[PDB]
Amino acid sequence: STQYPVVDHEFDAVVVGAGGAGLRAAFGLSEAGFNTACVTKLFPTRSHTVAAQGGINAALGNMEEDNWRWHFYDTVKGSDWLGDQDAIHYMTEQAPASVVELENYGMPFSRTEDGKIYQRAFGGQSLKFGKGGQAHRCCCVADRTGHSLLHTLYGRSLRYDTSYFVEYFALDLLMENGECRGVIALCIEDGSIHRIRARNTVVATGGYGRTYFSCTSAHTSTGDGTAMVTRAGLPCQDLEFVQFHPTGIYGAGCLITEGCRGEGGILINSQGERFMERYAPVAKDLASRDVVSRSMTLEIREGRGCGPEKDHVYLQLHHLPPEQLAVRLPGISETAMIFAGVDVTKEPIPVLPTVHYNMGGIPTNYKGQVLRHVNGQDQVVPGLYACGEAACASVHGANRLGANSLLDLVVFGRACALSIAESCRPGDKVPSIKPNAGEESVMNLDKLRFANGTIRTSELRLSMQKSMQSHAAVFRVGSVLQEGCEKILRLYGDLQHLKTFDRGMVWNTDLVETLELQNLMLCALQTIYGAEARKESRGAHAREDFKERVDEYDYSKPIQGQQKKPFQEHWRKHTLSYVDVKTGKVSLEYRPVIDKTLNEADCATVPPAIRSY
C-alpha cells in the first residue's frame, strides 16, 4: 500500500538511458550547465551499444573523396522513402563533426597510412548519389566499435557532475496535462521508489528486440521507454518495421558483423553458389539488410538449406588474408569459435537472419522532441524528448542502413541536449507534480510483486516470443498476421494470470523481468497489429499478399500524367499506434513522411523511385 517509501528528486533534466544516445544526451546537458539526472537499469557499460561491431558512418573522406550529401542519398534510398528527409539531412550532415568529436574524446579508431580514422565498405553505400561505385565511409574501432564508443562516452561522462541513478528501473513518465514532469523508478538495490522530476525528460531506452525468440539483442532490450510512452497514451511510430540482420550465429543468435562482408566476405548456399550475385547483380552481398536476409530466407524455402537440419546459410571468410581477419575482424573471429567452434581462417560461419534492430519507436522531431498526433497534424509534447533506437525521428525509415544507429545515437543525443539548452535555462521553475502522482505504477508494482496466478513469467514470455517469431517474421501474409494478432491479444489477457515467486525488496529480478514482460507485450501488440494493417511491401516489412510499394504515385514512370492518390489511399505514411492498456486493444493512425530537407539549396530532396541493388 504505502508499504513503499517514496523519495522525491529535483533536477533540470532527466535522461532515461545510458547507451550511446543516453550518455551523449546526459553529459551534453551537463556541459551546457544543466543540473542533470541520468537513470539506467544497467551499469552504463553494460548497455547494448557495447555489443556493436561494424562501425559508425561519417562522410569524412579518408579512404576516397566523399560528400555527406551522398551519405544523405544512401540513407533516404535505403529507408524506402518512409524516412523523414529533414532528420536525415540533419544527421548525415552532422556526421563528420560527430565522429570527430568522438575521436577527439579518445575513441581508439583503427588508423590509415595517413594516421586518420580508417573507414570500410558497408551494405548499400555508394559514391556520387548512387552512381560512382561502392563507398567506404564506415568508421570503426576494428571489430569492437560499439564497445569502444560506449566506454569512450562513459569515460568522458565522468568529467561532469551528472547525478547518476545506476540500476534504477524506470516505471513510467510523470505526466500532468499532456506535459512531461519527470519519471518514476524502482531502485533495484533496496526496492525503494523514486520520483525524479525535471523540466525536461529524455527517453533513450533502446529497442525491444526481445519480443522475439531469436534476436541479436541483449536480455535488456525490453522496449521499456516505448511502453512508458504507450502507457501515457502517446503514439509509437512504425513498430511493424523490424530489422532482420542477415548474419547471426545459427546457435545462440549472436551477431556477426556486416563488416565481414564489407571486408570481402561472401554468402554461400548448400550447393556453393554465391546466391547474392544473382539476387542483387550490382551490389551483391553488400546490398541492403532487408534484401540480403530476404534472399537468405528465400534460399531456405527454395531447398538450398545448409547443415544437418538444412535451416541455415554459410558466411564465408576463409579466403580472406589471415592478417586482415586478425586486424579487421578480431571480435567475431573469437566468438565464431566460442559459440560455433569455427576457425574463420579455414571454414565458413553458420549464419541465419535474426531480429536485430527496431526502426520504429517514439515519434520525434529532427530536434528530438516527442510528437503526438492532434487533428491530423503534429504536436510537440512539452518537456519530452527521445533518442537512439528507442526514438523514431525515422532517420532510418523502412530499412536502417548499416552503421547508422551508432551515428543516430550520438547525433540525436546531442540534438536533444541542444534543443533543451536553446529553449530554456538551467535553474528554471521545475514544474510541480501531484502528491498522488505515479500512484498506479506503484500499484502495478505491488500487484506484480505478489503475483499468484496460473502462468509464470518465463512461460508467458516464451509464448509471446515464439508467436512473434512465427507470425511476424521476414515474410508475412494477412492470414498468419491475423492469427498472430489474436494470438498475442489473448496473451495480453493472460498477464493477469501471472506467477511471481520472489517477494523481496532487494534485487527482485523476478519482478523486474515481469515489468519487462508487461513492457514487451505492449511493444509486440503494436508491432503485430501495425504489421497486419500495412498492405504493401516497403523496406523490411514484406507482405506476400501485397508485394508492391504503395506510394502517392506510381514512381516506375514519371509523374504529372498521373493522378495523386489521397492520404488514406496510399501507404507511404507513418504508422501511429496506441493501445488501451486495460483491454489491450490496438488502434492505429497515420502521419505523412517529411520530404522537404532543411535547405533545398544545400541538400536536394530525393523523390521516391524504384529501389534495386
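All residue numbers refer to positions in the sequence shown, first residue = 1.
Stretches 30-38 and 550-558 differ in mean CA B factor, with 550-558 having the higher one. Mean C-alpha B-factor is higher over 1-9 than over the other stretch, the pair under comparison being 1-9 and 603-611. Within the listed group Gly361, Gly83, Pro350, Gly178, the record reports its top CA B-factor for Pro350. Ranking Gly259, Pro235, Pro96, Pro382 by Cα temperature factor from the entry places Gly259 first. For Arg414, the recorded CA B-factor ranks within the lowest third of the chain. Only modelled residues enter the ranking.
Among the modelled residues of the chain, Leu371 sits in the lowest third by CA temperature factor in this PDB entry. Placement of the Cα temperature factor of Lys565 within the chain: highest third of the modelled residues, per the deposited record. Looking at the C-alpha B-factors along this chain, the one for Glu532 belongs to the middle third.
Ranked by Cα temperature factor within the chain, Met276 sits in the highest third according to the deposited record.
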